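The next block holds one structure in the form of C-alpha cells; read it before the comments.
Naming convention: chains lettered A, B, ... in sequence-line order (proteins, then strands); numbering from 1 in each chain. Heavy atoms only: backbone and side chains are in, while hydrogens, waters and symmetry mates are out.
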Amino acid sequence: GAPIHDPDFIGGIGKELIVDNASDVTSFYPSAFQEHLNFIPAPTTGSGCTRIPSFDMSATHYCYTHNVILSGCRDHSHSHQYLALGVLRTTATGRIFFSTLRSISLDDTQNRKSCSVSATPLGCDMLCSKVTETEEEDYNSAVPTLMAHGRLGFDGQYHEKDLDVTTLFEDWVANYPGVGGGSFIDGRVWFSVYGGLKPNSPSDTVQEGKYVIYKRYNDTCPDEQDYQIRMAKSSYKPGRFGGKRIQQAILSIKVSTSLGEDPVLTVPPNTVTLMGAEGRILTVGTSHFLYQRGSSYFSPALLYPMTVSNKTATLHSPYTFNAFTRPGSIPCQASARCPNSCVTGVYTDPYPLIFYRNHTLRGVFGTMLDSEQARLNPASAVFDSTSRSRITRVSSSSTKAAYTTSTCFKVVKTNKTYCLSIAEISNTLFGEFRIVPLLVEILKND
Amino acid sequence: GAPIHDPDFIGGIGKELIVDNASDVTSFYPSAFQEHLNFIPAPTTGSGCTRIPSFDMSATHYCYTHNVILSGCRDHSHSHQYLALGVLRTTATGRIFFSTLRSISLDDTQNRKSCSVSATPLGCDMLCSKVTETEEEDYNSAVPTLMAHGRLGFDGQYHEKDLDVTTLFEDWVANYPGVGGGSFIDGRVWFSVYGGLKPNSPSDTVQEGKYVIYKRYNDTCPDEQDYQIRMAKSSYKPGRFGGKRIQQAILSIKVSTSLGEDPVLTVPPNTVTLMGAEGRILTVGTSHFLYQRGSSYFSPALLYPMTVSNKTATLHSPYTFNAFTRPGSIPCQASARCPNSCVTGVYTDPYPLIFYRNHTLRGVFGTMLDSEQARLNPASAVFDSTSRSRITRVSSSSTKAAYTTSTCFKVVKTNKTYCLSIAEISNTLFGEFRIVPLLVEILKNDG
Ligand SMILES: CO[C@@H]1O[C@H](CS[C@]2(C(=O)O)C[C@H](O)[C@@H](NC(C)=O)[C@H]([C@H](O)[C@H](O)CO)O2)[C@H](O)[C@H](O)[C@H]1O
Ligand SMILES: CC(=O)N[C@H]1[C@H]([C@H](O)[C@H](O)CO)O[C@@](O)(C(=O)O)C[C@@H]1O
Ligand SMILES: CC(=O)N[C@H]1[C@H]([C@H](O)[C@H](O)CO)OC(C(=O)O)=C[C@@H]1O
Ligand SMILES: CC(=O)N[C@H]1[C@H]([C@H](O)[C@H](O)CO)OC(C(=O)O)=C[C@@H]1O
Ligand SMILES: CC(=O)N[C@@H]1[C@@H](O)[C@H](O)[C@@H](CO)O[C@@H]1O
Ligand SMILES: CC(=O)N[C@@H]1[C@@H](O)[C@H](O)[C@@H](CO)O[C@@H]1O
Ligand SMILES: [Ca+2]
Ligand SMILES: [Ca+2]
C-alpha cells in the first residue's frame, strides 16, 4: 500500500546505469540543465538560511531534507528541518517530476544539525545530531554529541528516538552524521558518521600510528618520504579542532517500528580511511560505496568500496577521480598533491554512473565546484579516474555555491538516463542560499 | 476521508477575520515577512519562466497553480502547469506551514493558459483556456477560445473536460479565466472570466452605450462631463484589441464527478462593471466578492459585492481602496483620475480582512506594486477606502515584480491573524521570475 514511483521508472532506480567497456567514460556528458518541478523549498525572507541538503532514493520512494535558520547562516541557537517524502512521476510528455507526498517543517525546540536521510521500507529515516554548542565547543567538551534516529512515515507522521550516545559514542568528544544520504541494506539503515575521538580512548589508541597516503594521478609529491608520512599521520589530528583525532565511522541501525533499535558503530582502520569527514553511503546495483568529503589534504573525489557483514561494514582502497577536485584553503587547495594537516574542502559527491561488465566502477557523475580555493562555479560533468567530460554550468559568470549531492536514475519508458544534482547556490533577496535541484540528461557523443 | 487542515485552523479559514468599528483600519498592519515552508516551486534553469499564480483555500484544503514556459516568458509555443493540493498545519512550536499532499506537473499535447483554481469538496478545480494563438491573434479570430474544466483529486489524479465554447461563449471572440482563484458556493464552482465580444452579437448589443465612471477619493477629474462619458464608453473597446469590447463575466459550474457539468455564464451590465479584466471570486464569511484587475483607467483596487442566485450572479457598486493603486502606462498610471481607454495595469488583489459589525467591508490586506508606471517595489499593507497602513517591503532596493494574490486566515487557538501573499518577484540565475509565498502576521498599533 506504500507509495511507489510511476511505472515509467520501475527498474530504473538505484541500479548500474551505463555498462560499456569500449566507449571512453568521458564520451558521455551532461545535457544543459532541464526544467522540472522544483521540489526543494527556497527561503521566504531576506535572512532565512536554507542549507545542508541530504537526499536518498530507493526503488520505491525518495527522501529529502535540509536545515533552516531564521536569522542567517551564522546563527547557531535554533533551527528546524524541512523533510520530504515523495515518488518520481512522468508527465504525459515524458517529463520527470519529483512528486512529494509528505512535506513538513520539523520544528520543536531541539536543534537538529548535520542531518542525513535514507529511504527505507518504512519511510524516510533521518539521523541527526542535536547541538547545544558550536562545533568548536563540541570538540572541546569531553561528552559525545547527542544524536537521534527519526523517521517520516508514509502517513506523514514523524517519530524519533534519541540514541544512547554516552555508550554508543563513549570514545568520542564529537560526532555528527555525514549529511550525505544513508542507505537501506539487509534490513538495516546505514549512515556515514564523523567526529572527534577522546584522546587515549580505545578507539583513539587503535588508530594510533595508522595512516594512508593517496596520491594525485600524474603529480608526484616532492617531499621526502619520511615527511609525507609525518604529515599523513598529523592529518588525522588537525589544528582546527584542538588537535583531536577526526575519525570516520559508519553507523547501522535496524529498521523497525522501534527507532534507534540495535545500533552498531563501525570504525574503519585509518590504513584505509583518511581523516574523518562528511560523507554518504551509496548503493548502486549490488555494490555499496562510502563517499568521503575531501576535508583533508586529498582533493580528488573519493569512493571507498563498501561491503557489509551482518551489522558492520568493511571499506577498501577507494576509487579516485583526479579531475573531480574541490576547492580548499592552502595548502589543501584543489591542486594539492602532498600530505598536510587541514579541515577544509566542501561536500560534492560523485554518483556511480558507468561500470565495466564485471561490475567494477569506471565513471561517475557529479557537480564539482570548479575552483582552487573559493567555493565557486558549479560544474556538472562525467568523470573517470583521470579526466572530465564536457561540462554544464549554472552560469558563465562567477557564481558562489557550496554543497552538491547527485543521484542518477533512468526513465525506462523513454530509456533516458538522468542525474539530479542538488546544489546550494548563492541567492539574492531571499537568504544567502537557495538549494536547487538541478537536472541533466546523460548524453553520448556518437 | 478527504484531507483537512490541522485542528488549530478549524474555524479560521474563509471567515471575517477582524470585526471592529471603533478602531482605524490602518492601525492594523503587517509584521515583517515570516520564514515558512515555501510550497511554491522556483525555476531550475536559467530561462525557465514560472508565472501566473492562482490560489484558493477552503475550510479543508488549499489549491495552487502556475504556468511554466521552458524557453522564457515571451515564448507562446507551449507550456505546462504546476498544480498543488494541500493543507495547513502547525509545527510543535506552533509555526504554520502549508503542507502539500499532491504535487504535479501537468504537461500534455495541450497549451493551457490563464488558469484559475478553486478548492471544492472534490479537490482542486481548475479553469483554463487552451490556446493555439497569441492573445492578439485570438481577438482577431471570430471563434471563441477553447476552455476546459479540470480537477486534481485528493487521490492525486487529474481529469478534465473541454467546455462547449461554441455554444457557451457563442458571442465571444476571445475568453479566458481571470487567473485569480475561483470559489465554491452552493454546490457550484465560480470563476471570473474575461475576453472580447463579437461585435453586434446579442451580448455585445446589450452592452452598447453602457458604462460607469468610478472616481478617485479626492482627485476630481477636470475633464468636461460629456468628454468623460465619451471616454468611459470608449474604455470598453480599447485599441489594443481592435475595438472589440473587452467584457467581464462570471462562470459557474456544477461540482460533481462529471467535469464541466451544467456551465452557466453570467455577463454583468457595464453600468456596474468596468472593462473586462483578470479577476478573482472571493468568499469571506457569508459575503462574496469579485476582484477585478485595474486593466483600464481605474487604479484603486476593486472589490464588487457579489450575490449568487442559483446558477447566476449579480454584482453591485464596488468597494474601492484609493491608496491601493497599481502601476500602469499613461494616461492610466497609478495616479490616474480620469476615464480613458487603455489596457495596462497588473494583477494585485485585495483580501477582505476587516469588517464593520453589520458585515460591510472596511479593510483589506494586499501587496501592491508601489510605483506609478513600472512594475516595481512590492509593498504589503492594510488598506481602507482612502489610506494605507505602515508597510512591509520585499526589499529596500529597487525591485522588479508582477502579480500578487493574497489570502488571509487565522489560528483561532492563538487568535493570531496571518496573510499569505503570493508574489511574482524578479529572479537571478534561474529564470525571469520566482513566485514567492510571502507570509505576514497582522498586528495592531496599540493593544
Ligand atoms: C534596511 O535596513 C533594515 O530594515 C529592515 C526593515 S523591516 C523589513 C521591511 O522593509 O519591511 C521586513 C521585510 O520582511 C524585509 N524583507 C524580506 C524579504 O525579508 C525587509 C528587507 O529585509 C529590507 O528591506 C532590506 O531590503 O525589511 C529591518 O529593520 C533590518 O533590521 C534593518 O537592518
Ligand atoms: C542555469 C542554466 O540554465 N545554465 C545553462 C548555461 C547558462 O545559461 C549560461 O552559462 C549563461 O550563464 O548555459 C549552458 O549552455 C552551460 O553553460 O552549460 C547550459 C546550462 O544549462
Ligand atoms: C557539524 C557542522 O558544523 N557541520 C558543518 C561542516 C563542518 O564544519 C565540516 O564537516 C568540518 O567539520 O561545514 C559546513 C560547511 O559549509 O563546510 C557546514 C556544516 O554546517
Ligand atoms: C491571456 C493572456 O495573454 N494573459 C496575460 C495578461 C493579458 O495580456 C492582460 O490581462 C490583457 O488582457 O497580461 C499579462 C501580464 O503580465 O500583464 C500576463 C498574462 O499572461
Ligand atoms: C572485478 C573485475 O574483474 N575487475 C576488472 C578490473 O580489474 C579490470 O581493470 C577491468 C578491465 O581493465 O575489468 C574488470 O573491471
Ligand atoms: C450595509 C450597511 O449597513 N453598511 C454600513 C455602512 O454604510 C456604514 O458606513 C458603516 C459604518 O457604521 O457600517 C456599515 O458598514
Ligand atoms: Ca562534546
Ligand atoms: Ca478567437
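- B:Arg216 contributes a side-chain N or O that, together with a main-chain N or O of B:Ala336, makes up a donor-acceptor pair within less than 3.5 Å.
- Note on B:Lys254 versus B:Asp262: no salt bridge recorded, every NZ/NE/NH1/NH2 to OD/OE distance being 4.0 Å or above.
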Working for side chain to side chain donor-acceptor pair (under 3.5 Å), residues B:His359 and B:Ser287: CA-CA 8 Å; B:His359 301 290; B:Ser287 298; over 6 Å; no
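- For B:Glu135 and B:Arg240, the salt-bridge test passes: some basic side-chain N is under 4.0 Å from an acidic carboxylate O.
- Shortest non-hydrogen contact noted between B:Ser79 and B:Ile69 is CB-CG1, 4.0 Å.
- The backbone N or O of B:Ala334 sits less than 3.5 Å from a side-chain atom of B:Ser299, completing a donor-acceptor pair.
- In this structure, B:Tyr236 contributes its side chain and B:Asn270 its backbone to a donor-acceptor pair below 3.5 Å.
- Using a 4.5 Å heavy-atom threshold, the side chains of B:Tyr304 and B:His316 count as separate.
- Side-chain contact of B:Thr386 with B:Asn322: a donor-acceptor pair under 3.5 Å is absent, judged by distance alone.
- When side chains are defined from C-beta on, B:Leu17 does not count as touching B:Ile354, because their heavy atoms never get closer than 4.5 Å.
- Using a 4.5 Å cut-off on side-chain heavy atoms (C-beta onward), B:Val255 and B:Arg151 make contact.
- Among all heavy-atom pairs drawn from B:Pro327 and B:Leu369, the shortest one is CD-O, 3.4 Å.
- Using modelled atom types, one side-chain atom of B:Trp190 and one backbone atom of B:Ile185 make a donor-acceptor pair closer than 3.5 Å.
- To the nearest 0.5 Å, atoms CZ (B:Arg188) and OG (B:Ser118) are separated by 12.5 Å.
- Side chain of A:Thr44 to main chain of B:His36: a donor-acceptor pair is present (N/O by atom type, distance under 3.5 Å, no hydrogens or angles).
- The backbone N or O of B:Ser54 sits nowhere less than 3.5 Å from a side-chain atom of B:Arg280 that would complete a donor-acceptor pair.
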Full working for side chain to side chain donor-acceptor pair (under 3.5 Å) between B:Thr26 and B:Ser389: CA-CA 4 Å; B:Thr26 56; B:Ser389 68; over 6 Å; no
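- Using a 4.0 Å cut-off between charged side-chain N and carboxylate O, B:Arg245 and B:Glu208 make a salt bridge.
- Annotation: B:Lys215, atom NZ; neighbour count of heavy atoms from other residues, nucleotides and ligands within 6.0 Å does not exceed 12.
- Classification of the B:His149-B:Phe191 ring pair by plane angle, with boundaries at 30° and 60°, yields perpendicular.
- Contact of the B:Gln81 side chain with the B:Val117 side chain is not registered, since no non-hydrogen atoms from C-beta on lie closer than 4.5 Å.
- The residues B:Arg388 and B:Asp370 are annotated as salt-bridged, a charged nitrogen and a carboxylate oxygen being separated by less than 4.0 angstrom.
- Using a 4.5 Å cut-off on side-chain heavy atoms (C-beta onward), B:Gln247 and B:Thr273 make contact.
- Between B:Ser406 and B:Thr367, the shortest heavy-atom contact is OG-N, 4.0 Å.
- The number of heavy atoms from other shown groups lying within 6.0 Å of NZ (B:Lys161) does not exceed 12.
- Ring centers of B:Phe154 and B:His61: under 6.0 Å apart, within the cut-off.
- Side-chain atoms of B:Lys244 come within 3.5 Å of backbone atoms of B:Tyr139 as a donor-acceptor pair (strictly under, hydrogens ignored).
- Counted by atom type alone, B:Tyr62 and B:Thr100 present zero donor-acceptor pairs between their side chains at under 3.5 Å.
- Between B:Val165 and B:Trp172, every side-chain heavy-atom pair lies at or beyond the 4.5 Å cut-off.
- Between B:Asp138 and B:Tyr176 there is a side-chain heavy-atom pair separated by less than 4.5 Å.
- Listed here is the closest heavy atom pair of B:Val272 and B:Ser317: CG2-N, 4.2 Å.
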Worked verdict on B:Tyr418 versus B:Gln34 for side chain to side chain donor-acceptor pair (under 3.5 Å): CA-CA 10 Å; B:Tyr418 299 94; B:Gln34 301 297 125; over 6 Å; no
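- Taking the six-membered ring where the residue is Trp, B:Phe55 and B:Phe98 present perpendicular rings, their angle passing 60° and hence far from 30°.
- Note that the OG1 atom of B:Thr257 and the CG atom of B:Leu122 stand 7.5 Å from one another [nearest 0.5 Å].
- One finds the OG atom of B:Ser183 at 8.0 Å from the CD1 atom of B:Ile281 (value rounded to the nearest 0.5 Å).
- No salt bridge links B:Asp171 with B:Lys198; every basic N to acidic carboxylate O contact stays at or beyond 4.0 Å.
- Atoms CD and OG1, on B:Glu424 and B:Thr348 in that order, are 11.5 Å from each other to the nearest 0.5 Å.
- To the nearest 0.5 Å, atom CG of residue B:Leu146 and atom CG of residue B:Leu163 are 8.0 Å apart.
- Of the options B:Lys113, B:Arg112, B:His80, a side-chain hydrogen bond (donor to acceptor under 3.5 Å, both in side chains) to B:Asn67 is made by B:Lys113 and by none of the others.
- Here the side chain of B:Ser116 pairs a donor or acceptor atom with the backbone of B:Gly180 at under 3.5 angstrom.
- Minimum interatomic distance between B:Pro177 and B:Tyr194 (heavy atoms only, all atoms of both residues): O-CE2, 3.6 Å.
- In this structure, B:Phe289 and B:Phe355 have tilted ring planes: the angle between them lies in the 30° to 60° band.
- Side chain to side chain, B:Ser192 and B:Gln248 meet the donor-acceptor criterion of an N or O pair below 3.5 Å.
- Using cut-offs of 30° and 60° for the angle between ring planes, the B:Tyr291 and B:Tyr347 rings count as perpendicular.
- The nearest pair of heavy atoms linking B:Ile391 to B:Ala381 is CG2-CB, 3.9 Å.
- Side-chain atoms of B:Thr60 never come within 3.5 Å of backbone atoms of B:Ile4 as a donor-acceptor pair (strictly under, hydrogens ignored).
- Atom CG of B:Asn175 sits about 8.0 Å away from atom CG of B:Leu168, to the nearest 0.5 Å.
- In terms of modelled atom types and a separation under 3.5 Å, the side chain of B:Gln292 and the main chain of B:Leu274 share a donor-acceptor contact.
- B:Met231 is not listed as a side-chain neighbour of B:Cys338, based on a closest heavy-atom distance of 4.5 Å or more.
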